[PDB]
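>>> Need coordinates for the following:
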Amino acid sequence: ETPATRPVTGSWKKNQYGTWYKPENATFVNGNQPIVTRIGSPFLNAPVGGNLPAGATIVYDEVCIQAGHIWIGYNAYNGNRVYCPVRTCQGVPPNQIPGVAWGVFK
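Residues are numbered from 1 along each chain as shown. Right below this line is the structure:
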């Protein structure tokens with residue numbers, strides 16, 4: 001597995017890649033802009049899965065922080081780990097600074 005072994009940061013925890021994540025099951029309703037989604041990894045340098053249409057409702061199970069962005073981790077029908085950037089984050093938690101969301105989080 002390789003996550004953070006010690007009880008750290010509570011909600012957020014850092015994985016082996018140095019990506020901060022948290023398991024959170026929510027619905028992300030994309031706003032008025034299509035978002036570039038990634039697969040496997042939450043990076044701008046990660047393989048692109050496609051663009052998420054504006055107004056698409058995503059059910060995600062994870063939120064990650066990497067590449068100055070906050071990402072949502074969900075799976076596609078092919079089993080792809082799709083990461084959609086949902087907002088920016090200046091720095092890494094616990095002192096994270098999340099920018100405006102590109103949608104809603106239900």
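>>> in stretch 21-28, what counts as buried?
Judged by neighbour count (16 or more other CB atoms under 10 Å), stretch 21-28 contains these buried residues: 21, 26, 28. Quick note: C-beta positions are derived from backbone N, CA and C, even for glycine.
>>> Can you name the residues that contact the last one?
Same thing as residue 28. Residues in contact with residue 28 (CB atoms under 8 Å, 6 or more residues apart in numbering) are 57-60, 72, 84, 86, 103-106.
>>> Now the two most distant members of those.
Farthest-apart pair in the contacts of residue 28 is 84 and 106; separation 14.6 Å (CB to CB).
>>> Quick check: the residue sitting nearest the centre point of the chain vs residue 5, distance?
Residue closest to the mean C-alpha point of the chain, counted by CA atoms, centre = their mean, is residue 71 at 1.8 Å. Residue 71 is 23 Å from residue 5, where distance means CB to CB, to the nearest Å.
>>> Of residue 84 and residue 106, give the one with the bigger neighbour count.
Comparing residue 84 with residue 106 by other CB atoms under 10 Å, the one with more neighbours is residue 84, at 25 against 10.
>>> contacting residues for the more buried one?
Taking CB under 8 Å, 6+ apart as the test, what residue 84 contacts is 28, 30, 35, 37-38, 52, 58, 60, 71-72, 74.
>>> quick one: which of those sit in helices?
Of the contacts of residue 84, none are assigned to helices by DSSP state H.
>>> And these, which is closest to residue 15?
Of those, the one sitting nearest to residue 15 (CB to CB) turns out to be residue 71, at 12.3 Å.
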